[PDB]
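data_0.csv follows (CSV, N, CA and C atoms and all ligand atoms):
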chain,number,residue,atom,x,y,z
D,1,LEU,N,111.1,80.3,171.8
D,1,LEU,CA,111.1,81.8,172.2
D,1,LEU,C,111.9,82.0,173.4
D,2,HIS,N,112.5,83.2,173.6
D,2,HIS,CA,113.4,83.5,174.7
D,2,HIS,C,113.0,84.8,175.4
D,3,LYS,N,113.2,84.8,176.7
D,3,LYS,CA,112.9,86.0,177.5
D,3,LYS,C,114.2,86.8,177.6
D,4,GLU,N,114.1,88.1,177.4
D,4,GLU,CA,115.2,89.0,177.5
D,4,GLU,C,114.9,90.1,178.5
D,5,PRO,N,116.0,90.7,179.1
D,5,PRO,CA,115.7,91.6,180.2
D,5,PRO,C,115.4,93.0,179.6
D,6,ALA,N,114.7,93.8,180.4
D,6,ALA,CA,114.3,95.1,180.0
D,6,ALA,C,113.8,95.8,181.3
D,7,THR,N,113.8,97.2,181.3
D,7,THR,CA,113.3,97.9,182.5
D,7,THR,C,112.2,98.8,182.1
D,8,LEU,N,111.2,99.0,183.0
D,8,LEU,CA,110.1,99.9,182.7
D,8,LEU,C,110.7,101.3,182.7
D,9,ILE,N,110.3,102.1,181.6
D,9,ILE,CA,110.4,103.5,181.6
D,9,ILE,C,109.1,104.1,182.1
D,10,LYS,N,108.1,103.8,181.4
D,10,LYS,CA,106.7,104.2,181.8
D,10,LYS,C,105.6,103.4,181.2
D,11,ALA,N,104.5,103.2,182.0
D,11,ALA,CA,103.3,102.6,181.5
D,11,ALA,C,102.7,103.7,180.7
D,12,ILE,N,102.0,103.2,179.6
D,12,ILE,CA,101.4,104.2,178.7
D,12,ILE,C,99.9,103.9,178.6
D,13,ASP,N,99.5,102.7,178.2
D,13,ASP,CA,98.1,102.4,178.4
D,13,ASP,C,97.9,100.9,178.6
D,14,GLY,N,96.7,100.4,178.3
D,14,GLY,CA,96.4,99.0,178.6
D,14,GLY,C,97.4,98.0,177.9
D,15,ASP,N,97.7,98.3,176.6
D,15,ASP,CA,98.5,97.3,175.8
D,15,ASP,C,99.8,97.9,175.2
D,16,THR,N,100.2,99.1,175.7
D,16,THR,CA,101.5,99.7,175.3
D,16,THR,C,102.3,100.1,176.5
D,17,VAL,N,103.6,99.8,176.6
D,17,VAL,CA,104.4,100.2,177.7
D,17,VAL,C,105.8,100.7,177.1
D,18,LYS,N,106.4,101.6,177.8
D,18,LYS,CA,107.7,102.1,177.3
D,18,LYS,C,108.8,101.4,178.2
D,19,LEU,N,109.7,100.7,177.5
D,19,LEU,CA,110.7,100.0,178.2
D,19,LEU,C,112.1,100.4,177.6
D,20,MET,N,113.0,100.2,178.5
D,20,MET,CA,114.4,100.2,178.0
D,20,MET,C,114.8,98.8,177.7
D,21,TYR,N,115.2,98.6,176.4
D,21,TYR,CA,115.5,97.3,175.9
D,21,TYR,C,116.9,97.4,175.1
D,22,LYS,N,117.8,96.6,175.6
D,22,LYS,CA,119.2,96.6,175.1
D,22,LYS,C,119.7,98.1,175.2
D,23,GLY,N,119.3,98.8,176.3
D,23,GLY,CA,119.8,100.1,176.5
D,23,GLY,C,119.2,101.3,175.7
D,24,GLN,N,118.1,101.0,174.9
D,24,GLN,CA,117.4,102.0,174.1
D,24,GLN,C,116.0,102.0,174.5
D,25,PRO,N,115.4,103.3,174.6
D,25,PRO,CA,114.0,103.3,174.9
D,25,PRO,C,113.2,102.8,173.8
D,26,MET,N,112.1,102.0,174.0
D,26,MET,CA,111.1,101.8,173.0
D,26,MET,C,109.8,101.5,173.5
D,27,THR,N,108.8,101.9,172.7
D,27,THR,CA,107.4,101.6,173.0
D,27,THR,C,107.1,100.2,172.5
D,28,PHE,N,106.7,99.3,173.4
D,28,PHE,CA,106.2,98.0,173.1
D,28,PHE,C,104.7,97.9,173.1
D,29,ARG,N,104.2,97.3,172.0
D,29,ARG,CA,102.8,97.0,171.9
D,29,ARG,C,102.7,95.5,172.1
D,30,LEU,N,101.8,95.1,173.0
D,30,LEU,CA,101.6,93.7,173.5
D,30,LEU,C,101.0,92.8,172.3
D,31,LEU,N,101.7,91.7,172.0
D,31,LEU,CA,101.2,90.9,171.0
D,31,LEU,C,99.8,90.3,171.3
D,32,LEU,N,99.0,90.1,170.3
D,32,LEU,CA,97.8,89.2,170.3
D,32,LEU,C,96.6,89.8,171.2
D,33,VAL,N,96.8,91.0,171.6
D,33,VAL,CA,95.7,91.6,172.5
D,33,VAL,C,95.2,92.9,172.0
D,34,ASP,N,94.0,93.3,172.5
D,34,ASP,CA,93.5,94.6,172.2
D,34,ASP,C,92.8,95.1,173.5
D,35,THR,N,93.3,96.2,174.1
D,35,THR,CA,92.6,96.8,175.2
D,35,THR,C,91.7,97.9,174.7
D,36,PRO,N,90.7,98.4,175.5
D,36,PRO,CA,89.9,99.5,175.1
D,36,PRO,C,90.8,100.8,175.2
D,37,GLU,N,90.5,101.8,174.4
D,37,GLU,CA,91.2,103.0,174.5
D,37,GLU,C,90.8,103.7,175.8
D,38,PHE,N,91.7,104.6,176.3
D,38,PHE,CA,91.4,105.3,177.6
D,38,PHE,C,90.0,105.9,177.7
D,39,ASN,N,89.6,106.5,176.6
D,39,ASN,CA,88.2,107.2,176.6
D,39,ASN,C,87.0,106.2,176.6
D,40,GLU,N,87.3,104.9,176.3
D,40,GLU,CA,86.3,103.9,176.2
D,40,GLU,C,86.0,103.2,177.5
D,41,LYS,N,84.9,102.5,177.6
D,41,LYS,CA,84.5,101.7,178.8
D,41,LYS,C,85.6,100.6,179.1
D,42,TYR,N,86.0,100.6,180.3
D,42,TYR,CA,87.1,99.7,180.7
D,42,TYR,C,88.5,100.1,180.3
D,43,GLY,N,88.6,101.1,179.5
D,43,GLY,CA,89.9,101.7,179.1
D,43,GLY,C,90.7,102.1,180.3
D,44,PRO,N,90.2,102.9,181.2
D,44,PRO,CA,91.0,103.3,182.4
D,44,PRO,C,91.3,102.1,183.2
D,45,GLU,N,90.4,101.1,183.4
D,45,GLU,CA,90.7,100.0,184.2
D,45,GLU,C,91.8,99.1,183.5
D,46,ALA,N,91.9,99.0,182.2
D,46,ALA,CA,93.0,98.3,181.5
D,46,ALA,C,94.3,99.0,181.7
D,47,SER,N,94.3,100.3,181.6
D,47,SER,CA,95.5,101.1,181.8
D,47,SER,C,96.0,100.9,183.2
D,48,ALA,N,95.1,101.0,184.2
D,48,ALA,CA,95.5,100.9,185.6
D,48,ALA,C,96.1,99.5,185.9
D,49,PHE,N,95.5,98.5,185.3
D,49,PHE,CA,95.9,97.1,185.5
D,49,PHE,C,97.4,96.9,185.0
D,50,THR,N,97.6,97.3,183.7
D,50,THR,CA,99.0,97.1,183.1
D,50,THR,C,100.0,98.0,183.9
D,51,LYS,N,99.5,99.2,184.3
D,51,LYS,CA,100.5,100.1,185.0
D,51,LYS,C,100.9,99.4,186.3
D,52,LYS,N,100.0,98.9,187.1
D,52,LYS,CA,100.3,98.3,188.4
D,52,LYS,C,101.1,97.1,188.2
D,53,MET,N,100.7,96.2,187.3
D,53,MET,CA,101.5,95.0,187.0
D,53,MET,C,102.9,95.4,186.6
D,54,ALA,N,103.1,96.3,185.7
D,54,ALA,CA,104.5,96.7,185.3
D,54,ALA,C,105.3,97.3,186.4
D,55,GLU,N,104.7,98.3,187.1
D,55,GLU,CA,105.3,99.1,188.1
D,55,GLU,C,105.7,98.3,189.4
D,56,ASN,N,104.8,97.3,189.7
D,56,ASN,CA,105.0,96.5,190.9
D,56,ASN,C,106.1,95.4,190.6
D,57,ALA,N,106.4,95.1,189.4
D,57,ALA,CA,107.3,94.0,189.1
D,57,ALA,C,108.8,94.3,189.5
D,58,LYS,N,109.4,93.3,190.1
D,58,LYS,CA,110.9,93.4,190.4
D,58,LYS,C,111.6,93.2,189.0
D,59,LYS,N,111.1,92.5,188.1
D,59,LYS,CA,111.8,92.2,186.9
D,59,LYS,C,110.8,92.0,185.7
D,60,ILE,N,111.1,92.8,184.6
D,60,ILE,CA,110.3,92.8,183.4
D,60,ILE,C,111.1,92.1,182.4
D,61,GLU,N,110.4,91.2,181.6
D,61,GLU,CA,111.1,90.6,180.5
D,61,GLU,C,110.3,90.8,179.2
D,62,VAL,N,111.0,90.8,178.1
D,62,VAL,CA,110.4,90.9,176.8
D,62,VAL,C,110.7,89.6,176.0
D,63,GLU,N,109.6,89.1,175.4
D,63,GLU,CA,109.8,87.9,174.6
D,63,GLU,C,109.2,88.1,173.2
D,64,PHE,N,110.1,88.1,172.2
D,64,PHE,CA,109.7,88.3,170.8
D,64,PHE,C,109.1,87.0,170.3
D,65,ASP,N,108.2,87.0,169.3
D,65,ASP,CA,107.8,85.8,168.7
D,65,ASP,C,108.7,85.5,167.5
D,66,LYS,N,108.2,84.6,166.6
D,66,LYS,CA,109.1,84.2,165.5
D,66,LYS,C,109.2,85.1,164.3
D,67,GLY,N,108.3,86.1,164.3
D,67,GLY,CA,108.1,86.9,163.1
D,67,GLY,C,108.5,88.4,163.3
D,68,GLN,N,107.8,89.3,162.8
D,68,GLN,CA,108.2,90.7,162.8
D,68,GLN,C,108.3,91.2,164.3
D,69,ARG,N,109.4,91.9,164.6
D,69,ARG,CA,109.6,92.4,166.0
D,69,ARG,C,109.2,93.9,166.2
D,70,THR,N,108.9,94.6,165.1
D,70,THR,CA,108.4,96.0,165.1
D,70,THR,C,107.2,96.1,164.2
D,71,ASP,N,106.2,96.9,164.7
D,71,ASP,CA,105.1,97.2,163.8
D,71,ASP,C,105.4,98.4,162.9
D,72,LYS,N,104.4,98.7,162.1
D,72,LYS,CA,104.5,99.8,161.1
D,72,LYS,C,104.6,101.2,161.7
D,73,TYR,N,104.4,101.3,163.0
D,73,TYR,CA,104.6,102.5,163.8
D,73,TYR,C,105.9,102.5,164.6
D,74,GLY,N,106.7,101.5,164.4
D,74,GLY,CA,108.0,101.4,165.0
D,74,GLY,C,107.9,101.0,166.5
D,75,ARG,N,106.7,100.5,166.9
D,75,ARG,CA,106.6,99.8,168.2
D,75,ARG,C,107.1,98.4,168.2
D,76,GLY,N,107.8,98.0,169.2
D,76,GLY,CA,108.2,96.6,169.5
D,76,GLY,C,106.9,95.8,169.6
D,77,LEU,N,106.9,94.6,169.1
D,77,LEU,CA,105.9,93.6,169.3
D,77,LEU,C,106.4,92.5,170.1
D,78,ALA,N,105.9,92.3,171.4
D,78,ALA,CA,106.4,91.2,172.2
D,78,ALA,C,105.3,90.7,173.2
D,79,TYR,N,105.6,89.5,173.8
D,79,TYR,CA,105.0,89.2,175.0
D,79,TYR,C,105.8,89.8,176.2
D,80,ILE,N,105.1,90.5,177.1
D,80,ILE,CA,105.8,91.1,178.2
D,80,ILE,C,105.5,90.4,179.5
D,81,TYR,N,106.5,90.1,180.3
D,81,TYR,CA,106.4,89.4,181.5
D,81,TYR,C,106.7,90.2,182.7
D,82,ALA,N,105.9,90.2,183.8
D,82,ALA,CA,106.2,90.9,185.0
D,82,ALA,C,106.3,89.9,186.2
D,83,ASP,N,107.6,89.7,186.7
D,83,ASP,CA,108.0,88.6,187.6
D,83,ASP,C,107.4,87.3,187.1
D,84,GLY,N,107.7,86.9,185.9
D,84,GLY,CA,107.3,85.6,185.4
D,84,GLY,C,105.9,85.5,184.8
D,85,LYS,N,105.0,86.5,185.1
D,85,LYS,CA,103.6,86.4,184.7
D,85,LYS,C,103.4,87.2,183.4
D,86,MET,N,102.8,86.6,182.4
D,86,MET,CA,102.6,87.3,181.2
D,86,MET,C,101.5,88.4,181.3
D,87,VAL,N,101.9,89.6,181.0
D,87,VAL,CA,100.9,90.7,181.1
D,87,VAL,C,99.8,90.5,180.0
D,88,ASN,N,100.2,90.0,178.8
D,88,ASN,CA,99.3,89.8,177.7
D,88,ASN,C,98.2,88.8,178.2
D,89,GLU,N,98.6,87.7,178.8
D,89,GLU,CA,97.7,86.7,179.2
D,89,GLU,C,96.8,87.2,180.3
D,90,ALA,N,97.4,87.9,181.3
D,90,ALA,CA,96.7,88.5,182.5
D,90,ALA,C,95.6,89.4,182.1
D,91,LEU,N,95.9,90.4,181.2
D,91,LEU,CA,94.8,91.3,180.7
D,91,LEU,C,93.6,90.5,180.2
D,92,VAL,N,93.9,89.5,179.3
D,92,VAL,CA,92.8,88.7,178.7
D,92,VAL,C,92.0,88.0,179.8
D,93,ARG,N,92.8,87.4,180.7
D,93,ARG,CA,92.1,86.6,181.8
D,93,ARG,C,91.2,87.4,182.6
D,94,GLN,N,91.5,88.7,182.7
D,94,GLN,CA,90.6,89.6,183.5
D,94,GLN,C,89.5,90.2,182.7
D,95,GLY,N,89.4,89.8,181.5
D,95,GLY,CA,88.4,90.5,180.6
D,95,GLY,C,88.7,92.0,180.4
D,96,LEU,N,90.0,92.3,180.4
D,96,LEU,CA,90.3,93.7,180.1
D,96,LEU,C,91.0,93.9,178.7
D,97,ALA,N,91.1,92.8,178.0
D,97,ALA,CA,91.6,92.8,176.6
D,97,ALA,C,90.9,91.7,175.9
D,98,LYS,N,90.7,91.8,174.6
D,98,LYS,CA,90.2,90.7,173.8
D,98,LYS,C,91.5,90.2,173.0
D,99,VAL,N,91.4,88.9,172.7
D,99,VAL,CA,92.4,88.4,171.7
D,99,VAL,C,92.1,89.0,170.3
D,100,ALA,N,93.2,89.4,169.7
D,100,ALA,CA,93.1,90.4,168.5
D,100,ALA,C,94.4,90.5,167.8
D,101,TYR,N,94.4,90.9,166.5
D,101,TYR,CA,95.7,91.1,165.7
D,101,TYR,C,96.5,89.9,165.7
D,102,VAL,N,95.9,88.7,165.4
D,102,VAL,CA,96.6,87.5,165.4
D,102,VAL,C,97.1,87.3,163.9
D,103,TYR,N,98.4,87.5,163.7
D,103,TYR,CA,99.0,87.4,162.4
D,103,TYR,C,99.8,86.1,162.3
D,104,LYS,N,99.8,85.5,161.2
D,104,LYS,CA,100.7,84.3,161.0
D,104,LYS,C,102.1,84.6,161.3
D,105,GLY,N,102.8,83.7,162.0
D,105,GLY,CA,104.2,83.8,162.3
D,105,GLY,C,104.6,84.6,163.5
D,106,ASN,N,103.6,85.4,164.1
D,106,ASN,CA,103.7,85.9,165.5
D,106,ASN,C,102.5,85.4,166.3
D,107,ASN,N,102.3,84.1,166.4
D,107,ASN,CA,101.1,83.6,167.1
D,107,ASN,C,101.3,82.5,168.0
D,108,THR,N,102.5,82.5,168.5
D,108,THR,CA,103.0,81.3,169.4
D,108,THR,C,102.0,81.1,170.6
D,109,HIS,N,101.6,82.2,171.3
D,109,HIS,CA,100.8,82.0,172.5
D,109,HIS,C,99.3,82.2,172.2
D,110,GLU,N,98.9,82.0,171.0
D,110,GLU,CA,97.5,82.2,170.7
D,110,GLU,C,96.5,81.3,171.5
D,111,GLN,N,96.7,80.0,171.5
D,111,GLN,CA,95.8,79.1,172.1
D,111,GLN,C,95.8,79.4,173.7
D,112,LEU,N,96.9,79.7,174.2
D,112,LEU,CA,97.0,80.1,175.7
D,112,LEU,C,96.1,81.3,175.9
D,113,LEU,N,96.2,82.3,175.1
D,113,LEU,CA,95.4,83.5,175.3
D,113,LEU,C,93.9,83.2,175.1
D,114,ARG,N,93.6,82.5,174.0
D,114,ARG,CA,92.2,82.1,173.7
D,114,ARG,C,91.6,81.4,174.9
D,115,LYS,N,92.4,80.5,175.5
D,115,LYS,CA,92.0,79.7,176.7
D,115,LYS,C,91.6,80.7,177.8
D,116,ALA,N,92.5,81.7,178.0
D,116,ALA,CA,92.2,82.7,179.1
D,116,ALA,C,90.9,83.5,178.7
D,117,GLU,N,90.8,83.9,177.4
D,117,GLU,CA,89.6,84.7,177.1
D,117,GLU,C,88.3,83.9,177.3
D,118,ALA,N,88.3,82.6,177.0
D,118,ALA,CA,87.2,81.7,177.2
D,118,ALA,C,86.8,81.8,178.7
D,119,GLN,N,87.8,81.7,179.6
D,119,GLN,CA,87.4,81.7,181.0
D,119,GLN,C,86.9,83.1,181.5
D,120,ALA,N,87.5,84.2,181.0
D,120,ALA,CA,87.0,85.5,181.4
D,120,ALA,C,85.5,85.7,180.9
D,121,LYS,N,85.2,85.2,179.7
D,121,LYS,CA,83.9,85.3,179.1
D,121,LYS,C,82.9,84.4,179.9
D,122,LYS,N,83.3,83.2,180.2
D,122,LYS,CA,82.5,82.3,181.0
D,122,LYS,C,82.2,82.9,182.3
D,123,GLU,N,83.1,83.7,182.8
D,123,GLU,CA,82.9,84.4,184.1
D,123,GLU,C,82.2,85.8,184.0
D,124,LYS,N,81.9,86.2,182.8
D,124,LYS,CA,81.2,87.5,182.6
D,124,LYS,C,82.0,88.6,183.1
D,125,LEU,N,83.4,88.6,183.0
D,125,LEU,CA,84.2,89.6,183.6
D,125,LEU,C,84.4,90.8,182.7
D,126,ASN,N,84.2,92.0,183.4
D,126,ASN,CA,84.5,93.3,182.8
D,126,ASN,C,84.0,93.5,181.4
D,127,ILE,N,84.8,93.4,180.4
D,127,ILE,CA,84.4,93.6,179.0
D,127,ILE,C,83.2,92.6,178.6
D,128,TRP,N,83.3,91.4,179.2
D,128,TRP,CA,82.3,90.4,179.0
D,128,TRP,C,81.0,90.5,179.9
D,129,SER,N,80.9,91.6,180.6
D,129,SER,CA,79.8,91.7,181.6
D,129,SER,C,78.6,92.5,181.0
Q,201,LIG,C1,99.2,94.2,167.9
Q,201,LIG,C2,99.6,94.6,166.5
Q,201,LIG,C3,99.1,95.8,166.0
Q,201,LIG,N1,99.5,96.2,164.8
Q,201,LIG,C4,99.0,97.4,164.1
Q,201,LIG,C5,97.6,97.0,163.4
Q,201,LIG,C6,96.8,98.2,163.6
Q,201,LIG,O1,97.0,99.0,162.4
Q,201,LIG,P1,96.0,100.3,162.3
Q,201,LIG,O2,96.6,101.5,163.2
Q,201,LIG,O3,96.2,100.7,160.9
Q,201,LIG,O4,94.5,100.0,162.7
Q,201,LIG,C7,97.3,98.9,164.9
Q,201,LIG,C8,96.5,98.7,166.2
Q,201,LIG,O5,97.3,99.1,167.3
Q,201,LIG,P2,96.5,99.8,168.5
Q,201,LIG,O6,95.5,98.8,169.0
Q,201,LIG,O7,97.6,100.1,169.6
Q,201,LIG,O8,95.8,101.1,168.0
Q,201,LIG,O9,98.6,98.4,165.1
Q,201,LIG,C9,100.3,95.4,164.0
Q,201,LIG,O10,100.6,95.7,162.9
Q,201,LIG,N2,100.8,94.2,164.5
Q,201,LIG,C10,100.5,93.8,165.7
Q,201,LIG,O11,101.0,92.7,166.1
Q,202,CA,CA,94.3,99.1,171.9

Full structure transcribed into structure tokens:
Amino acid sequence: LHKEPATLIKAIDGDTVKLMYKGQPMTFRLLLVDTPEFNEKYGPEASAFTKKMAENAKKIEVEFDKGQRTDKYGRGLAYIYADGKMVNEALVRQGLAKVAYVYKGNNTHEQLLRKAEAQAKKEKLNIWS
């Protein structure tokens, strides 16, 4: 897998961000994770976490997996990095997302995220509290 440059246009919620990628705007949906919706418990905290992570970053990168790069709603599917730190993994490690939507062929970072979920759960963090 390879990291590609992109720039934040706007944070949207816990697991979706609008980025400029190859000079076109697109909504990216974070691979392998599921945050609460804004109206649900921890929804606002997941949104605020992803917003601060993305907005604070000097450099945002997108990393596609081996499989489909857009979903059925035309959203990009990627691992997103903020100054080298994976947002997907970070949300999970904080108990602000569950591992979810694991489809064959786009699952390269599954065990890494599962490892992070295990530790958030062990710590009784947020969603796991
Ligand atoms: C994360 C991800 C979501 N999706 C689709 C599955 C779900 O379809 P359905 O909308 O029919 O339930 C939806 C969940 O996205 P959200 O969690 O953003 O709502 O997005 C993919 O198809 N591939 C993916 O990798
Ligand atoms: Ca969601």

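Rounded to one decimal, CA of residue 68 in chain D and CA of residue 106 in chain D lie 7.1 Å from each other.
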
Set the distance at 8 Å and use only N, CA and C atoms: which residues neighbour range 93-103 of chain D once local chain neighbours fewer than 3 positions away are removed? I'd like the list as a ChimeraX atom specification. /D:14,31-36,42-43,45-47,87-90,106-108,110,113-121,124-129

Keeping only N, CA and C atoms, write those residues as an mmCIF file, in the coordinates of the input.
data_model
loop_
_atom_site.group_PDB
_atom_site.id
_atom_site.type_symbol
_atom_site.label_atom_id
_atom_site.label_comp_id
_atom_site.auth_asym_id
_atom_site.auth_seq_id
_atom_site.Cartn_x
_atom_site.Cartn_y
_atom_site.Cartn_z
ATOM 1 N N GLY D 14 96.700 100.400 178.300
ATOM 2 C CA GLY D 14 96.400 99.000 178.600
ATOM 3 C C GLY D 14 97.400 98.000 177.900
ATOM 4 N N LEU D 31 101.700 91.700 172.000
ATOM 5 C CA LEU D 31 101.200 90.900 171.000
ATOM 6 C C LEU D 31 99.800 90.300 171.300
ATOM 7 N N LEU D 32 99.000 90.100 170.300
ATOM 8 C CA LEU D 32 97.800 89.200 170.300
ATOM 9 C C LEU D 32 96.600 89.800 171.200
ATOM 10 N N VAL D 33 96.800 91.000 171.600
ATOM 11 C CA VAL D 33 95.700 91.600 172.500
ATOM 12 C C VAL D 33 95.200 92.900 172.000
ATOM 13 N N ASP D 34 94.000 93.300 172.500
ATOM 14 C CA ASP D 34 93.500 94.600 172.200
ATOM 15 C C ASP D 34 92.800 95.100 173.500
ATOM 16 N N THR D 35 93.300 96.200 174.100
ATOM 17 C CA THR D 35 92.600 96.800 175.200
ATOM 18 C C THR D 35 91.700 97.900 174.700
ATOM 19 N N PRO D 36 90.700 98.400 175.500
ATOM 20 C CA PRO D 36 89.900 99.500 175.100
ATOM 21 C C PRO D 36 90.800 100.800 175.200
ATOM 22 N N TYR D 42 86.000 100.600 180.300
ATOM 23 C CA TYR D 42 87.100 99.700 180.700
ATOM 24 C C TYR D 42 88.500 100.100 180.300
ATOM 25 N N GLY D 43 88.600 101.100 179.500
ATOM 26 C CA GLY D 43 89.900 101.700 179.100
ATOM 27 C C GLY D 43 90.700 102.100 180.300
ATOM 28 N N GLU D 45 90.400 101.100 183.400
ATOM 29 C CA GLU D 45 90.700 100.000 184.200
ATOM 30 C C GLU D 45 91.800 99.100 183.500
ATOM 31 N N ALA D 46 91.900 99.000 182.200
ATOM 32 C CA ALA D 46 93.000 98.300 181.500
ATOM 33 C C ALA D 46 94.300 99.000 181.700
ATOM 34 N N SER D 47 94.300 100.300 181.600
ATOM 35 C CA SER D 47 95.500 101.100 181.800
ATOM 36 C C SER D 47 96.000 100.900 183.200
ATOM 37 N N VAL D 87 101.900 89.600 181.000
ATOM 38 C CA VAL D 87 100.900 90.700 181.100
ATOM 39 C C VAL D 87 99.800 90.500 180.000
ATOM 40 N N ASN D 88 100.200 90.000 178.800
ATOM 41 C CA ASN D 88 99.300 89.800 177.700
ATOM 42 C C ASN D 88 98.200 88.800 178.200
ATOM 43 N N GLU D 89 98.600 87.700 178.800
ATOM 44 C CA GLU D 89 97.700 86.700 179.200
ATOM 45 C C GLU D 89 96.800 87.200 180.300
ATOM 46 N N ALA D 90 97.400 87.900 181.300
ATOM 47 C CA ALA D 90 96.700 88.500 182.500
ATOM 48 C C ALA D 90 95.600 89.400 182.100
ATOM 49 N N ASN D 106 103.600 85.400 164.100
ATOM 50 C CA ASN D 106 103.700 85.900 165.500
ATOM 51 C C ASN D 106 102.500 85.400 166.300
ATOM 52 N N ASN D 107 102.300 84.100 166.400
ATOM 53 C CA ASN D 107 101.100 83.600 167.100
ATOM 54 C C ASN D 107 101.300 82.500 168.000
ATOM 55 N N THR D 108 102.500 82.500 168.500
ATOM 56 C CA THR D 108 103.000 81.300 169.400
ATOM 57 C C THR D 108 102.000 81.100 170.600
ATOM 58 N N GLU D 110 98.900 82.000 171.000
ATOM 59 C CA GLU D 110 97.500 82.200 170.700
ATOM 60 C C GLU D 110 96.500 81.300 171.500
ATOM 61 N N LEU D 113 96.200 82.300 175.100
ATOM 62 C CA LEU D 113 95.400 83.500 175.300
ATOM 63 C C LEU D 113 93.900 83.200 175.100
ATOM 64 N N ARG D 114 93.600 82.500 174.000
ATOM 65 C CA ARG D 114 92.200 82.100 173.700
ATOM 66 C C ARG D 114 91.600 81.400 174.900
ATOM 67 N N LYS D 115 92.400 80.500 175.500
ATOM 68 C CA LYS D 115 92.000 79.700 176.700
ATOM 69 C C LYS D 115 91.600 80.700 177.800
ATOM 70 N N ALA D 116 92.500 81.700 178.000
ATOM 71 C CA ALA D 116 92.200 82.700 179.100
ATOM 72 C C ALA D 116 90.900 83.500 178.700
ATOM 73 N N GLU D 117 90.800 83.900 177.400
ATOM 74 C CA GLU D 117 89.600 84.700 177.100
ATOM 75 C C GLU D 117 88.300 83.900 177.300
ATOM 76 N N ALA D 118 88.300 82.600 177.000
ATOM 77 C CA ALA D 118 87.200 81.700 177.200
ATOM 78 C C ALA D 118 86.800 81.800 178.700
ATOM 79 N N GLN D 119 87.800 81.700 179.600
ATOM 80 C CA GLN D 119 87.400 81.700 181.000
ATOM 81 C C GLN D 119 86.900 83.100 181.500
ATOM 82 N N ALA D 120 87.500 84.200 181.000
ATOM 83 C CA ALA D 120 87.000 85.500 181.400
ATOM 84 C C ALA D 120 85.500 85.700 180.900
ATOM 85 N N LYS D 121 85.200 85.200 179.700
ATOM 86 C CA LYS D 121 83.900 85.300 179.100
ATOM 87 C C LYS D 121 82.900 84.400 179.900
ATOM 88 N N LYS D 124 81.900 86.200 182.800
ATOM 89 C CA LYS D 124 81.200 87.500 182.600
ATOM 90 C C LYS D 124 82.000 88.600 183.100
ATOM 91 N N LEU D 125 83.400 88.600 183.000
ATOM 92 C CA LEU D 125 84.200 89.600 183.600
ATOM 93 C C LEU D 125 84.400 90.800 182.700
ATOM 94 N N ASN D 126 84.200 92.000 183.400
ATOM 95 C CA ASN D 126 84.500 93.300 182.800
ATOM 96 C C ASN D 126 84.000 93.500 181.400
ATOM 97 N N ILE D 127 84.800 93.400 180.400
ATOM 98 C CA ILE D 127 84.400 93.600 179.000
ATOM 99 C C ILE D 127 83.200 92.600 178.600
ATOM 100 N N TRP D 128 83.300 91.400 179.200
ATOM 101 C CA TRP D 128 82.300 90.400 179.000
ATOM 102 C C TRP D 128 81.000 90.500 179.900
ATOM 103 N N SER D 129 80.900 91.600 180.600
ATOM 104 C CA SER D 129 79.800 91.700 181.600
ATOM 105 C C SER D 129 78.600 92.500 181.000
#

Distance in Å - atom C of residue 74 in chain D versus atom N of residue 41 in chain D: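 For atom C of residue 74 in chain D relative to atom N of residue 41 in chain D, the distance reads 25.6 Å.
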
Would you give me, as a list in words, the residues in range 33-75 of chain D that DSSP reads as strand (DSSP E)? residues 33, 34, 60, 61, 62 and 63 of chain D

Could you find all residues in chain D that DSSP calls alpha helix (DSSP H) from the backbone, and write them as a PyMOL selection string? chain D and resi 43-56+87-93+110-122

What is the distance, in Å and to one decimal place, between CA of residue 7 in chain D and atom N of residue 37 in chain D? 24.5 Å
